[PDB]
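**Q** fold the following, please.
(chains A, B, C, D, E, F, G and H)
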Amino acid sequence: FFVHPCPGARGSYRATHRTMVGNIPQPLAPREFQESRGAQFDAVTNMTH
Amino acid sequence: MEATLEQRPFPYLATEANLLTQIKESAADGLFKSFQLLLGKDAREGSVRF
Amino acid sequence: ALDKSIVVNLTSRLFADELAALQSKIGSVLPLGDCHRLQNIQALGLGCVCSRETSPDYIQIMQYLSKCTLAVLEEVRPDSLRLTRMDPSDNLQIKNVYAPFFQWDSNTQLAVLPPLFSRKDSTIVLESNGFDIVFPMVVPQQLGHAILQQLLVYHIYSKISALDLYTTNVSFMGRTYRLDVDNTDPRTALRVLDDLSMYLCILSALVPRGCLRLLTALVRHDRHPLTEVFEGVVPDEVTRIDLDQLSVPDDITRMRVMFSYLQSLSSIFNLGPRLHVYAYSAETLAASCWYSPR
Amino acid sequence: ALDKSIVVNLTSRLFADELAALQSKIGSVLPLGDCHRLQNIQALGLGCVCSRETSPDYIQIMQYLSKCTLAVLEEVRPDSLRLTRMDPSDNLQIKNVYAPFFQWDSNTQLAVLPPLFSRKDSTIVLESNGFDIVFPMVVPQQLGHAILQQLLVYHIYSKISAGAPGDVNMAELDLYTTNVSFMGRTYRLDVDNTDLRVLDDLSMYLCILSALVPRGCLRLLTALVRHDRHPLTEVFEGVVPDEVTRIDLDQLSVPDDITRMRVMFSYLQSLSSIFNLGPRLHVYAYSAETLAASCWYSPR
Amino acid sequence: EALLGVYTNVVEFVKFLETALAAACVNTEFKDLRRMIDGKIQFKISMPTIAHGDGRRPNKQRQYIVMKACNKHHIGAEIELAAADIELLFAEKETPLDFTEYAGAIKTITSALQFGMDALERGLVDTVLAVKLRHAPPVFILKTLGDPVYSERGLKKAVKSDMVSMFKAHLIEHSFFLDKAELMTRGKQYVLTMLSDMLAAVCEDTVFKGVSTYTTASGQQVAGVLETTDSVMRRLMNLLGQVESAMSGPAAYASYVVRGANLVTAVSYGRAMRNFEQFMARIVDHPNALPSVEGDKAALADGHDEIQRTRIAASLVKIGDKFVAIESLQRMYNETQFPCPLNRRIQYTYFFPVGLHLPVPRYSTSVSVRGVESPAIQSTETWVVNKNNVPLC
Amino acid sequence: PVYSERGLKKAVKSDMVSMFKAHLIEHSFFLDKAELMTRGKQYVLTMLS
Amino acid sequence: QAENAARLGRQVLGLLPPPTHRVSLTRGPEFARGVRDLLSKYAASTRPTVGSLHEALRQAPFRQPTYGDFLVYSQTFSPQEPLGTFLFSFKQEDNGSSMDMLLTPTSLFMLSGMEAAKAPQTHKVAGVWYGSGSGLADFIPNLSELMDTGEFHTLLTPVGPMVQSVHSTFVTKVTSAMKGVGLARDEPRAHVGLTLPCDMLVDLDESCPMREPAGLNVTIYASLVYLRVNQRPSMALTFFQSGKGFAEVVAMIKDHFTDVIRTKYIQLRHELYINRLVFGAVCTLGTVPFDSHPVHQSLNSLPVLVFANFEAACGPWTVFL
Amino acid sequence: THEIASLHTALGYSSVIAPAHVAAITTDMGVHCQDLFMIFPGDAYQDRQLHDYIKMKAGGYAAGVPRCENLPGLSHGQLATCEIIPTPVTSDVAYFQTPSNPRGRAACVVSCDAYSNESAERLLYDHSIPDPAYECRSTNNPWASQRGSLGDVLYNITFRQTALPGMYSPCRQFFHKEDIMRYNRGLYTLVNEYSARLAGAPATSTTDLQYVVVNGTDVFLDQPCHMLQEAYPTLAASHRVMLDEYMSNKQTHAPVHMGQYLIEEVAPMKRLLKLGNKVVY
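**A** Numbers count the residues shown, from 1 in each chain, chains lettered A, B, ... in the order given. Let me share the structure:
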């Protein structure tokens, strides 16, 4: 979400959808969590580094 | 309290002097405020309640 | 339970002249204007709408007839008349007199009508009082409809002319009769003919194409009983409307609104009330019936 | 303190097969041309009008329906029936036995119609006296005006096929006409592959109207031209078709348009008289699993 | 083949006066609820105070005015009668077959008449027991308020939530106390302390407290009626005695007659008094006498001294010192395929998470698990034990 | 009568079915299970009554 | 309690329908001496003693209408009503088993969307009784479509007045009455009349002196007109009252909905839809003894008429145009 | 007809009801979720080419009693409903053992002053004030208790009655603004509403699913989660393990691991869990 006005008028409530998972901000998904999701992700489709 | 009319069934009393002159015209044209009509079947003792 | 009697006060003693025709119609039907036991003469006749000096029309008279209460005579005393009253649901004794004499039976079907053949016959005048008394005329509804059929004919053809074997004769099996039309008001018959364009032209719009094609299968090689009006000739109109190829569900919704408005044509071709007779004698001309405000 | 009881005596006893078909109902509706208390069987059906030898018709029933007196069964003894008279604005109990089975609803409106359906579904043939008794067709009014509606469409397009069958497809006919969609419910009637002929005279009428009726309005439009002529009827040039306004009254002579404009209005009344309804009874309360109703009669 | 009998069922008449509920009401016969609009009740509550010599503004005395009303109710019974009965009720009675048909059809209508009485006697029981639950707090909204120690102060923000964290101290532990009464070690002295908690916490205050309404044998005292089901009553007949099984109640009702000068204000004005003679002796006959207790009981008792006593049987048990009667209101409902109104149905909510995470310094308080240890795992499910004890993902 | 008088609907029938089991497992063989009870000789009398 | 069986035998055996007059032969000339209610004239003595006219008072005709018990979604029927309103039954499908929907005259204004330019009095009134319109249209999403083809009036079966209401928060019990004069449940020996809102009534008798006779009857009529506002379908209920017979009124109603017709048929001048040509119909509701007078009333404000001794003979819709 | 005038004589609570004997759990404590395709069928996606995919990949009345066609029988009692609130990944387990709200902020209104709109709103939907429960965090989430949040977008809505029967949703009990502000009054009046009255849209009884109730002539339910405005927790274990360690030893229970946890149930009723034959009270 964000708030902006028309030029010389009142403020509006206009929005976007955060598309990828990584556009969730850090205090909802910390860097230790998002790393621990990829390791679960790694052992399903079984990519070998 | 604004003390107004009531239709409760009193033991009414009637005088000697008549009243019935000009009444059909006068009560229809505001001779006295708060007048109550009687049209046939309504002319009876009202149902008491309390 | 109830009493159904209307005595009528009268302000002049009867002559032997005005007793004569009243004694003839000792049991008959006449409407009146009120609902009281006692009654003054200016309501008894129908002649508060069918007068002499006016030029009355019967549509207004018939429209007047559905308002009023209806009543049956009992006696003619010289002081004063005497009548009896017709409730919504009642069993009575009715006994017809009226002049072009038809015949009834059990399970017949009646309608109260204005005097439509002779104003001079049906209206006796009481010159001892001056106000005449006009009588209505009970007719079976097959002819009760058929006069109103013939009346709305006449006011059309008088105006476009602006003959009498055609325009003013109500036909019936056995006798062909003669109407009484010289001085009628054409304006309450104008209003009835006003509403007919509000049906007869609207029914012309949604004319079902399937029901049109049947006529070419009918009148072109197939003499039927009631189709002889066309006389074996197609009209020019049906040749012009049926260019389409038919379709079933299009003539469903057309045939719904066609079905709905024809339920409303009663509201312009009304009668007055009705009299469904359940018992009838021939040697007395007595009959019992039940009224219906309808 | 009035009384009403209509006993119908008989000549012959009923068979053990017929009485069970007459115990199948115990309360229904019979037209009954009577006011007496004892009566012979030649009136309690519709065989006085609708019988085998003469062909059946649909006005003469509907004439006889409003003319007649309705009545309700109470009991079938082997010797005799026992009907109950129907007073105007009475109150009694009604079950249905009618074919096919149109499910009721409480607080509805009923009309009384003739059976135009299958004869095995319609009537109960007596062999004890060799005389039919026929029941009227008790349908709610919206369904009754819709069950007539598409069957009357169905009979007209039949005659087109016998003249030239390349105009109506029967799959288009047996899909949009024999289907009733009311109360969210579907129904299916009898197509009658025996040959119908009850509703033919309406199709004799309403199609003979459809050349007379739109011919009829052009004379009425040029009739009473004034400045008294009613202001609503200016509007209805927009409704009348473009082709209708190109007709002369020239070719049809003045002595012939008399014979039109009497016969014009004559069908337009007698068709109103049957589309406006018959004798009726309103039903206020009802239960489905008993099929018993609660009525109040409304005459006409 | 053979008939071997027609067997009958005659319902025993349950009158409302001879139940065990009459101790929880005060019965007055009455004339016209179709006429009466309301019934006013005036409370005059004085309130003494303390003169104390602290440094404080003293307080004037007080006075309280409390308004009450009545409650309208309606009861409707619906007799059917068949028409063939109604005709030969007025039959001419001239044949020897009629005396098994006339007498066999009067038993359709007099059975249906006494049917109309028994639908009415439900309404005397049901519409009381409905309304006695319309004015019914639970336990936990009473006892925390039945402590005077908390309403000594005002009801300011401290005393409010101090109650709120005691409504839940009573909800979580002491609910369903008979279900806990088996699996506790003590048992019998847990129901007794739960119930005697309930009994003396009911602030009765009983305006008719002087009126000797319902005595037992030997002149003792009845202090109310607890009304339960039967599955609970059989648990209480074993834990508690039926020590006397004898009481005394009214043989009639209390009248309400508008004879005399009640009628004059009834017709001419709206209002109409109650015991207008007693109200007259306070004003014109012997006035200005100060209100005392010993002159109340000859007037506070409406007629409830003078109704003749009788013999009523029910269950009686000592609890503390207050005798309590126990009822069985299932015969009034389980005969007739109607629900019983005592068997209420408590619902709840259940809060529940799934799919979570924990912060950086993870740990393991654990007896023993060899299995899931790594931080690479992320659990994405939960498990609930069912009502019927099956864990579902 | 506490169970059935809602009418035997779809739910009430099968909640009885899970009481043909919690009474089957627990309260069966009421003589034999009441000889290894600490209370013992009262459990028989309550099962009888 | 032994005297309680008396009062349920007094008011019961004395309150029975009068039996059929059936008397056996062999007593003789007795069958006339039970006939009393046919006798209509009486011995008008010197002073009317009530002990001398009691038989002319004890006798009475047999008058009783019929009640119909309903069930209500407690939103459709507002928790207060003036006890003499008019009703319907909008029945569409057998949804549950004991399910029903009713319509007050104020509600059918709210379901419609017809404007205060046709009715500026009850528009302010019904806004507090119900929602902003969408509180009732949730039950029928077909109201955009049933109003197009004009099939709406086929589903309203009129009922008449009200008698008794047992109201709750969830289920509202409505005991209506057909055929009319129904005893109340508050007070015995009363007769619940009918009431209508003053905005919805339009009377037809008032004229210049200029003459029209009266009868025993005046017949309250109902109506409906499928008009169009904001290029959207929207009905138009009005009332009609006349003791003028059915012949005049269809010709008289077109003098009332006159200008509305000239507005609409400019819209379908440019396009043809055979489902649209229907316009509206007329019901029939019952009879009032003409020479009776409507007393005005007041609510919160709202003027409401009244009619005494209404009896409710219903009737269907006939499409006038 | 027969009409009774009943009266309340003394001004004391003289009628106490008490829940004593449990008889039959009916509503399964089941796992079945609630599907907004049957609560909001009036909406769909913009492209029907894709809305015809999701309903495939995910998923009336009879004799006056509601009855779903897609279950011809249950076994585990009345099949309950389960609901959906997106919640942050870093929410705290220590909130979840405690009887509290599904919201972020607690919501007990009785503590506020009487007849105040503003002083009662400041509990619910503010954030400068901390929680009345915690004080370091000021709300458990501004994704279910922010003034415009999804805890308000889903369930501020009063019950729209429909001819088709609606189904019950327990999250309305904790999210609806107008029903909670009815408890603004002093708590003696809050006794007298709790006995006779009834709130907005409670759940059914003797049905198949959890429908909305619309009859009132039979309902007996007195749920206290109206009044006290909290929601109790029951058992959960993000791996299978900790159920076993719950029932093996209760005293030396392990409540928290690195990735897994448990919530012990706290409820006014207490059952006997019976995996195998080990019995936890």
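**Q** show me what contacts the closest residue to chain A within the stretch 1-150 of chain H?
**A** Taking C-beta to the nearest C-beta as the measure, the stretch 1-150 of chain H has residue H:88 as its residue closest to chain A, at 5.0 Å. C-betas here are computed from N, CA, C, even on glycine. With contact set as C-beta atoms under 8 Å, 6 or more residues apart in numbering or on different chains, residue H:88 has these partners: A:27-28, H:141, H:143.
**Q** give me the ChimeraX select line for these, limited to the buried ones.
**A** The ChimeraX selection below is limited to those of the contacts of residue H:88 classed as buried (16 or more other C-beta atoms under 10 Å in any protein chain shown):
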select /H:141,143
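**Q** what segments of the stretch 101-250 of chain H are strands?
**A** H:232-233 (DSSP state E, counting those that start in this stretch).
**Q** what parts of it come near chain F?
**A** With C-beta under 8 Å from any C-beta of the partner chain as the criterion, the stretch 101-250 of chain H meets chain F at residues H:205-208.
**Q** and which of the residues you listed is nearest chain C?
**A** Using C-beta to the nearest C-beta, those come closest to chain C at residue H:208, 40.6 Å.
**Q** what's the neighbour count on the closest one?
**A** 20 (other C-beta atoms under 10 Å in any protein chain shown).
**Q** my read: it touches residue F:12, true?
**A** No - the pair residue H:208 / residue F:12 is not scored as a contact, 11.1 Å apart, by C-beta atoms under 8 Å.
**Q** all helices for chain B, in order.
**A** B:23-26 (DSSP state H).
**Q** grab the CA positions of stretch G:8-16 and hand them over as CSV.
**A** The C-alpha trace of stretch G:8-16 is given here as CSV (Å, rounded to 0.1, in the frame of the first residue of the first chain):
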residue,chain,number,x,y,z
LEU,G,8,-65.3,-24.8,29.0
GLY,G,9,-68.8,-26.2,28.4
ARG,G,10,-70.6,-22.8,28.6
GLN,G,11,-68.5,-21.1,25.9
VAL,G,12,-68.2,-24.2,23.8
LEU,G,13,-71.6,-26.0,23.7
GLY,G,14,-73.2,-22.5,23.3
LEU,G,15,-70.7,-21.7,20.6
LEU,G,16,-71.4,-24.3,17.9
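**Q** how far does that stretch sit from its chain's centre?
**A** 31 Å (C-alpha atoms, centre = their mean, to the nearest Å).
**Q** which parts of it are buried?
**A** Within stretch G:8-16, judged by 16+ other C-beta under 10 Å, no residue is buried.
**Q** any part of it near chain E?
**A** Yes - using C-beta under 8 Å from any C-beta, stretch G:8-16 reaches chain E at G:8-9, G:12, G:16.
**Q** what's that stretch in contact with?
**A** E:86, E:89, E:113, E:116-117.
**Q** now do the same contact list for the residue of the stretch 151-281 of chain H found nearest chain B.
**A** Of all residues in the stretch 151-281 of chain H, residue H:196 sits closest to chain B, at 27.3 Å by C-beta to the nearest C-beta. Contact analysis of residue H:196 by C-beta under 8 Å, 6+ apart lists E:133-135.
**Q** what ranges do the helices span in the stretch 51-200 of chain G?
**A** Here the stretch 51-200 of chain G has its helices, by DSSP state H, counting those that start in this stretch, at G:55-58, G:105-112, G:122-129.
**Q** and which of the residues of the stretch 101-250 of chain H next to chain F is nearest chain F?
**A** residue H:206 (4.3 Å).
**Q** what sits against the residue nearest to the closest one when sequence neighbours are not counted?
**A** Once flanking residues are discounted, residue H:206 sits nearest to residue F:6: 4.3 Å by C-beta to C-beta, 6 or more residues apart in numbering or on different chains. With contact taken as C-beta under 8 Å, 6+ apart, residue F:6 is in contact with E:339, F:12, H:205-206.
**Q** the closest residue to chain E within the stretch 1-150 of chain C: neighbouring residues, count only.
**A** Closest to chain E within the stretch 1-150 of chain C is residue C:1: 20.4 Å, counting by C-beta to the nearest C-beta. The local packing of residue C:1 (other C-beta under 10 Å) involves 12 other residues.
**Q** now residue H:101
**A** There are 24 residues near residue H:101, going by other C-beta under 10 Å.
**Q** identify the residues contacting it.
**A** E:351, H:107, H:174, H:229-231.
**Q** max pairwise distance over these: which two?
**A** In the contacts of residue H:101, two members sit farther apart than any others by C-beta to C-beta. They are E:351 and H:107, at 13.2 Å.
**Q** hmm, back to that, of the contacts of residue H:101, buried ones?
**A** By 16+ other C-beta under 10 Å, these give E:351, H:107, H:174, H:229-231 as buried.
**Q** in a helix, residue E:117, correct?
**A** Yes - per DSSP: H, G, I helix; E, B strand; the rest coil, residue E:117 lies within a helix segment.
**Q** could you measure from it over to residue E:330?
**A** 21 Å (C-beta to C-beta, to the nearest Å).
**Q** hang on, the earlier thing: what about the residues of the stretch 101-250 of chain H next to chain F, which one has the most neighbours?
**A** residue H:207 (23 neighbours).
**Q** for that residue, give its distance to residue G:93.
**A** Distance, residue H:207 to residue G:93, by C-beta to C-beta: 21 Å.
**Q** cool, residue C:21 as well?
**A** 65 Å.
**Q** between those two, which is the more surrounded one?
**A** Set side by side, residue C:21 and residue G:93 show more neighbours around residue C:21, with 16 against 11, by other C-beta under 10 Å.
**Q** show me where chain H has its helices.
**A** Secondary structure of chain H by DSSP H: the helices cover H:48-58, H:118-124, H:150-153, H:172-175, H:177-180, H:189-196, H:241-248.
**Q** right, so those: which one is the most enclosed?
**A** Looking across those with neighbours counted as mean count of other C-beta atoms under 10 Å in any protein chain shown, the highest average goes to helix H:172-175: a mean of 24.
**Q** list of residues touching that helix?
**A** E:349, H:101-103, H:107, H:151-152, H:154-157, H:159, H:200-201, H:225-226, H:229, H:231.
**Q** what's the neighbour count on residue 30?
**A** By default, I'm working from chain A. A total of 15 residues lie near residue A:30 under the criterion other C-beta under 10 Å.
**Q** actually, chain C is the one I wanted.
**A** For residue C:30, using other C-beta under 10 Å, the count is 20.
**Q** what packs against the host helix or strand of it?
**A** Element membership for residue C:30 (DSSP states H and E) is strand C:29-32. Counting contacts by 3 or more C-beta pairs under 8 Å, 6 or more residues apart in numbering or on different chains; DSSP states H and E, strand C:29-32 packs against strand C:69-76.
**Q** in its sheet, what does the strand it packs on sit against?
**A** Applying DSSP bridges to the sheet, strand C:69-76 is found paired with strand C:29-32 (antiparallel), strand C:81-85 (antiparallel).
**Q** many thanks, have a good one.
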